[PDB]
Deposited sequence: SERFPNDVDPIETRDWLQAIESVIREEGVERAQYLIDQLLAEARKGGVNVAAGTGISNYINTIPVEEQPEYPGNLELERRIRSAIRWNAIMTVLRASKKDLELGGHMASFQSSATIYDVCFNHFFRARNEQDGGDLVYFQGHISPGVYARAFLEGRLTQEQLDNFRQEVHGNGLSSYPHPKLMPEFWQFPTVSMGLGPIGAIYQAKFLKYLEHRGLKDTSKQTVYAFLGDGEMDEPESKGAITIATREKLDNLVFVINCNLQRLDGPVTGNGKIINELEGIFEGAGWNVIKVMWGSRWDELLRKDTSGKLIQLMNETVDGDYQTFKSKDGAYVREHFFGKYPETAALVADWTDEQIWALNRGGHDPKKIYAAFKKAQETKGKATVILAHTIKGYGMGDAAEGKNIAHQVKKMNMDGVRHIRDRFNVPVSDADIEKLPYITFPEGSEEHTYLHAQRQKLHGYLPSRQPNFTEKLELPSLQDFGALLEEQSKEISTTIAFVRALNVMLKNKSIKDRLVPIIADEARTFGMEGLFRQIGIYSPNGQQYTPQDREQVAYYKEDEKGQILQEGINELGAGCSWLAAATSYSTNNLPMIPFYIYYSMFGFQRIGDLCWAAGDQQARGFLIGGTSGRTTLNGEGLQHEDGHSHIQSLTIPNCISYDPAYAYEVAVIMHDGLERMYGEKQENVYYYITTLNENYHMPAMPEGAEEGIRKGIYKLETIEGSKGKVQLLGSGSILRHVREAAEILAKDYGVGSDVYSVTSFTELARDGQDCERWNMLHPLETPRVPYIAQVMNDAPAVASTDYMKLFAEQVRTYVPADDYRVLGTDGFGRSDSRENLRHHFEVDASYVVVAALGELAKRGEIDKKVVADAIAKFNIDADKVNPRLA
């Protein structure tokens, strides 16, 4: 059934509409409240889905300010050059790729925006921040080419960028650092990124750092992309934070890449339902003007009813057929709707357009979004998949020398290309002095220039804190502290520097007590403009149990140097396990977006977060973080190491070097003795390794390597080897095994490519010697094993925390994962026994002495 009686519904809905034509809105509200009060003999509820028609009626539609015929001519050239770019790439037969159908359905939506809404980077701000659909990139390139920002040479090298004279497949700032700004091709990451970008712009205004009030964040999405949990999972935040600077544009062509989104249902109703329930302003751009009279003149309301009941499947079927089909299967459903088009021709019925193809309907939506205050607006634009392409959407028949598809597109959009020149696949340009060239540039000049464009560096000079400004952290600690305590103290040092104090963006994902951040809460405050020192001037961003949301706030802050020419230094602290494992794709996009900030993997190490177990004990985030080329990962053991690493990071990224790199520092929740910094250790700390101590021993020599919480255990093992076994050692603090492996890989790559020159020696091979070595970390064996090739010793035994975590004491976990002092000693003696320096019985005896179960299951399999 699903309707019961739709004629009674028409009477009720026609009664409140007529009440609004009787000095309503105020009278309408009084009647609705008295109606709902009388629902005492019944029930009450929130879904509320409106009719399958335009939100903005013609009566309330603004006058279109542009020259529609000139705009149509410019748009056809953009359409043509976009198709030409992709077809020319296809002709190469190199499996390059590229989309055409996607931009064809949304071309008019982007066009209205470029001609009348998108603000480019200007003097006051970085303009509008547009999250373009990745797949419509040939459409952006085609417009940029007409604007004279891209050459024909670049279009001809679309998706051929290795040799530097080409264009990226999708928005990738790392590859095109002066053109693209926001990565969006990994679906779901654009909508959530845009939500926290809009929130960050409000933060900059409330904190009095930049007037961002004239900036709008546009997130252009497809209906299929909305299935990503990230796409709608954070939409209530826009309502909470009153983000009236955010606009979601959902292109509903009722399809994805393998058929429709919801055939048996109506994806536009699903989206309207959830977004309206989430407190957003929903604007549906359903039908074009060719439908306006039919709707106005229909007293029966049968057309609206027919429109409401027809599902996505039927609408897809309809646009795959002809006018004769629509007359029978759409309008033919009722005598009232059949009578409406009884005198219409099949061609006349087929001409009826979808809202997302009508500039007048599109403009009205973007204008009402611009006017809406207190909430974000979602624009649901109804378009046709592969619009004006004539079924073959198979237009790669050009390889078969078939231009019947190219001819149709030329005809459909009245493109000024002759039948003879069509095989050449030519680009169209508007010359200086033409109506189109003038108009194209005049509209963009009014809107402060060209979009997209990117500034790779910030203009101001920050007077950063010196290493000596961290002073106290470089000295021995009076009491036992952790590397997380060291991190918070380094923040306090930076919060004293006049130049960067108000630029620091500490971000926390709920649990602040765990990271001892509660001190900073009363000092700098928690940003809370809507709902203690929780106000709009608050500096800390508390994002709750939402790692992805916090990562998106971090990304907005870490790229503020480029987006708004306002360097912001973010510090996102969270449980290390829920970093790269949970928000990994965002960390890759952060690399692409050239993020410059700090990720702090708190409560790290498999054995250190001892009682939490399997889904919290992190012994592998460093294996995930090393996959990102511009991420610099450290695992410091001491407080002074934290200070040196944080200072260097700050200098590299926000100093004059302006290095497009971001930092990852794992910090701990365990307290132990924090010694003073050895004289001259600064270079070694930054590079990844330095000799801490040399312990004397007459019975043999070993090298012992450690990092994080496990270093003090390797150091303990060094004392045992010396006292009980007379084995001397070189003890090394490895601040970064990853940076040492990268340095090694670089030297060996160079040595391979320069056979006629003296080989370069990796930094680890410069610091270390030939003596048998043992390495132990709180991370899986591969973390320490990755430097093997570059370690100058014959034997290099690695101990690590491979296997699933479990709940126990730090002592029991360190014995289980075989990384404590007892296992470091047995590993060291074992090497010397192989070398014949000590008896095999000494190693045997040590296993028994240290209560080591030689036949327990491999911790990886446990």
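J.: In sequence order, what intervals of the deposited sequence carry no C-alpha positions?
T.: The deposited sequence has unmodelled segments at 1-4, 51-53, 401-404, 543-555.
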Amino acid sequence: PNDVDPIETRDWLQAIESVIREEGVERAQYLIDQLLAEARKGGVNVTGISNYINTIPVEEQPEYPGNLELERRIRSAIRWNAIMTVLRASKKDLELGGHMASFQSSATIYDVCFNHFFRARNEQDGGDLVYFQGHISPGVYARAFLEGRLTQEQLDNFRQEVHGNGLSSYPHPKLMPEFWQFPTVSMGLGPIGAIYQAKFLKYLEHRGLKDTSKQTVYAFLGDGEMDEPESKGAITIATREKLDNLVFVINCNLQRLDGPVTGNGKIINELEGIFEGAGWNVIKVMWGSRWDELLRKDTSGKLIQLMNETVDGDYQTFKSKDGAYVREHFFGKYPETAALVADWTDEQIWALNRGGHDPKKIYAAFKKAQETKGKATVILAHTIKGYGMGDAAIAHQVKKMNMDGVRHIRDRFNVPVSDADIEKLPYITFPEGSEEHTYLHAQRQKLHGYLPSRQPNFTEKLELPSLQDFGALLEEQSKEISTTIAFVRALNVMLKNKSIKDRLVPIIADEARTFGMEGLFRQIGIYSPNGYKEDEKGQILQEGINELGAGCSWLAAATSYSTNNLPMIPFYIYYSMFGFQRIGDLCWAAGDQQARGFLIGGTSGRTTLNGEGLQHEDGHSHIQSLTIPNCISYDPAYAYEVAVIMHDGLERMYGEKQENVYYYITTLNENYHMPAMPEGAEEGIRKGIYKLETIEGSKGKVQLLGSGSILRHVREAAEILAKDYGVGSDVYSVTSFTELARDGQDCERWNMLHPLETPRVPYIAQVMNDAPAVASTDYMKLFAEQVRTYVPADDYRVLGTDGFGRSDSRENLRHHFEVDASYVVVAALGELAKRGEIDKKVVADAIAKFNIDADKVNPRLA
From here on, numbers count along this sequence of modelled residues.
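J.: When the Cα temperature factors in the entry are averaged, is it 477-485 or 778-786 that ends up higher?
T.: Averaging CA B-factors over each stretch, the winner is 477-485.
J.: Look up the CA B-factors in the entry and say which stretch, 548-556 or 94-102, has the higher mean.
T.: So the stretch with the higher mean C-alpha B-factor is 94-102.
J.: Check the PDB entry and point out which of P260, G605, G233, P191 has the largest C-alpha temperature factor.
T.: That would be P260.
J.: Compare the CA B factors listed in the entry for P426, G688, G273, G591 and report the winner.
T.: Highest CA B-factor of the listed options: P426.
J.: Could you look up the Cα B-factor of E178 in the entry and say which third of the chain it sits in: lowest, middle or highest?
T.: For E178, whose C-alpha B-factor we compare with every modelled residue in the chain, the answer is the middle third.
J.: Would you mind ranking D808 by its C-alpha B-factor against the rest of the chain and naming the third, lowest, middle or highest?
T.: As the PDB entry reports it, the C-alpha B-factor of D808 lands in the lowest third of its chain.
J.: Taking the values exactly as deposited, rank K368 by C-alpha B-factor within its chain and report the matching third: lowest, middle or highest.
T.: Middle third - that is where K368 ends up once the chain's C-alpha B-factors are sorted.
J.: Ranking the modelled residues of this chain by C-alpha B-factor as given in the entry, is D802 in the lowest, middle or highest third?
T.: It falls in the bottom third of the chain.
J.: Quick check on the deposited entry: does the C-alpha B-factor of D795 sit in the lowest, middle or highest third of its chain?
T.: Middle third, going by the recorded CA B-factors of the chain.
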